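Chain by chain, the residues:
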Amino acid sequence: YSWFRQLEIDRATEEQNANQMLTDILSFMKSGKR
Amino acid sequence: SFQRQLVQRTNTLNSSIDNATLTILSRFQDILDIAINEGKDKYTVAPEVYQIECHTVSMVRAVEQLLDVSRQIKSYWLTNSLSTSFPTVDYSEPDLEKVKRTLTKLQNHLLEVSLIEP
Amino acid sequence: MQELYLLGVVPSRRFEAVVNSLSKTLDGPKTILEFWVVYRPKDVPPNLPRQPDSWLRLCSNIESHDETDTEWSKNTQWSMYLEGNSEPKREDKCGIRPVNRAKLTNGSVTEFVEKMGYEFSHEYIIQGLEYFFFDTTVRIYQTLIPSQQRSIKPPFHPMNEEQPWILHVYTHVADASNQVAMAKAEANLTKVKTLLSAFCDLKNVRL
Amino acid sequence: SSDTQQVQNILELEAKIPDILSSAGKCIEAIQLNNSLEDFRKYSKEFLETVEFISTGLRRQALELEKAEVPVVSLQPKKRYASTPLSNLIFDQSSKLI
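Visitor: Would you take a moment to explain the packing of helix α2 (residues 42-78) of chain B against helix α3 (residues 37-67) of chain D for this structure?
Guide: Helix-helix packing is described using two parameters, namely the angle between the two axes and the distance between the axes. α3 of chain D packs onto α2 of chain B with a crossing angle of 20 degrees between their chain directions and a minimal axis gap of 11 Å. With respect to each other, α2 of chain B and α3 of chain D are oriented roughly parallel. Viewed along their axes, α2 of chain B and α3 of chain D form a crossing whose handedness is left-handed. Seen from α2 of chain B, the contacting residues are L66, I73 and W77 of chain B; seen from α3 of chain D, they are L58, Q61, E64 and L65 of chain D. Classifying every residue of the contact of α2 of chain B with α3 of chain D by side-chain character gives five nonpolar, one polar and one charged.

Spelled out as structure tokens, the structure:
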């Protein structure tokens, strides 16, 4: 019988790029740089 | 962080589950080891009986542990936020006009109003 | 006025739940729409601070004002901000920066930045919601790009297909010298932090 | 699958658990009262699925509890001050008094 998802770990990478994206947008509000 | 909280909580849940199931199956599995009769000394048989009963009680207990988990999960599914404020009796939507005529009349009670004019 | 900012990324994938949550545990929502403008100093040699925050930021509520109008650029209410840098090596506890809410009222509005010699620089539209909590307040960000320069006609341009909602807790200390008021403020924000940490991950960020 | 529905799904899981007792006691009974190894092979073959399906069902429902991303801690309610239905309700009574 069967007995006991990395994608959920990858969700953290999603949060990571979301965070860098936050750094990007704050840099934008600071400067308008894209 | 928000994530690791639910994650570790899930780890706790899975832990309790696997521990309970493994407990039941282990206690039952060892009864067969206890099941042997012939060739044993008369004294040696005696503890084994109590061992049987204790394994059984351990099984039923882990069964209780399972429901104990189930109540937790049920509680988690009712701790979530409502999608919306609930509907009620919006029926018979109140008039504005009568309220005005009543307030204005009572405020003007025994009073000789003489129009407005600019 | 020493503002006590906080920041919190919200993925758009889960954004609505945050709204339904905050509405059931905070004052408001009050609707938020606004049109930032930056007018750039241009002088040489140093010492010009010429800092990225040193660039001035005029502000203007635009939501109540109708979209169709084009003369809103001066007729609309206006204000002016500085927002200095946050104090160095400020972690755990919220970062803190000076802020000055100037206001003005005349038919001559934008022109004055040129009167200071300042000229047009980067600009962006904010949209979201604010939530009261006695003194403290939390506003959520969306930095939409205007469809045209100084235009108020939707659609406005997202920075990306999946723009994060930029949550921003803050409060406004009347003056830095009062460590008492600082205590009451840090306390209030602490309570807010506890209040909404359950479904979000706020953190101090340098500025 | 939404909100209460998963709970109802849990209700489906609820019936299975107690029986796991007697079934085990059935299995032993095959070597006991029935004195038959084969029937024991049968009911022991049946018995384990009650364990596996429920265990996996729990792990998966809990996984759903994580996918739903319901927060680990119950939120402290604000002192809600004026939901609309309360308002037009009180207004309804106001007209009712008028």
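Visitor: Help me understand the layout of surface pockets in this model?
Guide: If a probe the size of a water molecule is rolled over the atoms, the empty space left behind becomes visible. Space inside the largest pocket adds up to approximately 990 Å³. Taken together, 39 residues form the lining of the largest pocket, with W36, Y81, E83, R139 and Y141 of chain C sitting closest to its centre. Only α1 (6-31) of chain A together with β3 (30-35), β5 (56-59), β6 (78-81), β10 (125-133), β11 (136-141) and β13 (165-170) of chain C provide two or more residues apiece to the lining of the largest pocket. Per-class residue counts for the lining of the largest pocket are 19 nonpolar, eight polar and twelve charged.

Visitor: Looking at this model, I keep getting lost on empty space enclosed by the protein. Mind explaining?
Guide: Roughly 60 Å³ of internal volume is contained in the largest cavity. Considering the residues around the largest cavity, the lining is formed by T21, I24 and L66 of chain B together with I20, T50, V51, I54, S55 and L58 of chain D. Those elements that place two or more of their residues in the lining of the largest cavity are α1 (2-34) of chain B together with α3 of chain D. Per-element tally for the lining of the largest cavity: the top contributor is α3 of chain D, with five residues.

Visitor: Looking at this structure, how should I read the interface of chain A and chain C?
Guide: Counting residues at the interface gives 13 residues for chain A, matched by 16 residues for chain C. On inspection of chain A and its partner chain C, the count reaches zero salt bridges. Here chain A and chain C share three residue pairs in polar contact between them. Taken together, the residues of the side of chain A that touches chain C break down into six nonpolar, three polar and four charged.

Visitor: Would you mind going over helix α4 (residues 179-196) of chain C with me for this structure?
Guide: Along an α-helix, residues three or four positions apart point the same way, because every turn accommodates 3.6 residues. Residues and elements named next belong to chain C. In a regular helix each residue adds 1.5 Å, so 18 residues correspond to 26 Å; α4 covers 25 Å between its end C-alpha atoms and thus fits that length. Of all the positions in α4, only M182, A185, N188, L189, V192, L195 and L196 are classed as buried. Buried residues of α4, seen end-on, are gathered within an arc of 150 degrees and therefore sit on one face of the element. Away from its buried face by more than 90 degrees, α4 exposes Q179, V180, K191 and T194. Tucked into the core, α4 has its buried residues touching β10, β11, β13 and β14 (172-173).

Visitor: Is there a simple way to explain the interface of chain D and chain B in this structure?
Guide: Residue-level contacts link 35 residues of chain D with 35 residues of chain B. Elements that contribute at least two residues to the side of chain D that touches chain B include exactly α1 (4-14), α2 (16-32), α3 and α4 (84-96) of chain D. Taken together, the residues of the side of chain D that touches chain B break down into 20 nonpolar, eight polar and seven charged.

Visitor: Looking at this structure, I do not really get a nonpolar patch on the surface. What am I missing?
Guide: On the surface, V89 and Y91 of chain B together with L86, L89, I90 and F91 of chain D cluster together into a nonpolar patch covering about 620 Å² of accessible area. Following the sequence through the fold, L86 of chain D ends up in helix α4. For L86 of chain D, a relative accessible area of 41% puts it in the partly exposed group.

Visitor: Would you mind showing me how to read the sheet that holds β6 of chain C here?
Guide: The strands making up a sheet are joined through hydrogen bonds of the backbone, oriented either antiparallel or parallel. Here we have five strands laid out as an open sheet, ordered β8-β6-β5-β4-β9 (chain C), and antiparallel in their pairing. Whereas interior strands pair on both sides, the edge strands pair on one side only; in this sheet they are β8 (102-104) and β9 (119-120) of chain C.

Visitor: Help me out: how do you make sense of the nonpolar core in this one?
Guide: Within soluble globular proteins, side chains that are nonpolar tend to cluster in buried spots. All names here are of chain C. Counting residues in each nonpolar core, the largest one holds 27 residues, and the members touching the most others are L4, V169, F199 and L202. Mapped by element, the contributors of at least two residues to this core are α1 (15-23), β10, β11, β13 and α4. Looking at this core, the element that brings in the most residues is α4, giving six residues.

Visitor: For this particular structure, what's the right way to read the packing of α2 of chain D against α3 of chain D?
Guide: All names here are of chain D. Between α2 and α3, the least distance of the axes is 8 Å, while the angle of their chain directions is 160 degrees. Regarding the angle of α2 to α3, the classification is roughly antiparallel. Between α2 and α3 the crossing geometry is left-handed. Together, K16, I17, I20, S23, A24, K26, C27, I28, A30 and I31 of α2 and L37, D39, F40, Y43, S44, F47, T50, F53 and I54 of α3 make up the contact between the two elements.

Thresholds applied
Residues numbered from 1 in each chain as written, not as in the entry; some residues may be left out. Chains lettered and ligands numbered in written order. Part of a larger assembly, values for the part shown. Heavy atoms only, no water. Residues with missing side-chain atoms left out of burial classes, pairs and counts. Axes fitted to C-alpha atoms, helices over the stretch in contact; angles between N-to-C directions. Helix = DSSP H or I, 4+ residues; strand = E, 2+ residues; numbered from the N terminus. Parallel < 35°, antiparallel > 145°, perpendicular 65-115°, else oblique. Left-handed = near helix turned anticlockwise from the far one by under 90°. Contact = heavy atoms within 4.5 Å. Nonpolar A, V, L, I, M, F, W, Y, C, P; charged D, E, K, R; others polar. 1 Å grid on protein atoms, 1.4 Å probe; cavity = no way out; pocket = protein on both sides within 12 Å on 5 of 7 lines; lining within 4 Å. Points joined across faces, edges and corners; volume = space filled by probe spheres on them. Salt bridge = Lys/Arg side-chain N within 4 Å of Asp/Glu carboxyl O. Polar contact = N/O pair within 3.5 Å; in protein donor to acceptor, adjacent residues only side chain to side chain. Expected span 1.5 Å × (residues − 1). Buried < 20%, exposed > 50% of the residue type's maximum accessible area, 1.4 Å probe, protein only. Arc of directions from axis to C-beta. Patch = residues over 30% accessible without salt bridge, like charges linked within 9 Å, V, L, I, M, F, W, Y side chains within 5 Å. Areas by Shrake-Rupley, 256 points an atom, 1.4 Å probe, with all protein chains shown as cover. Pairing = 2+ DSSP bridges. Core = buried A, V, L, I, M, F, W, Y, C linked by side-chain atoms within 4.5 Å.

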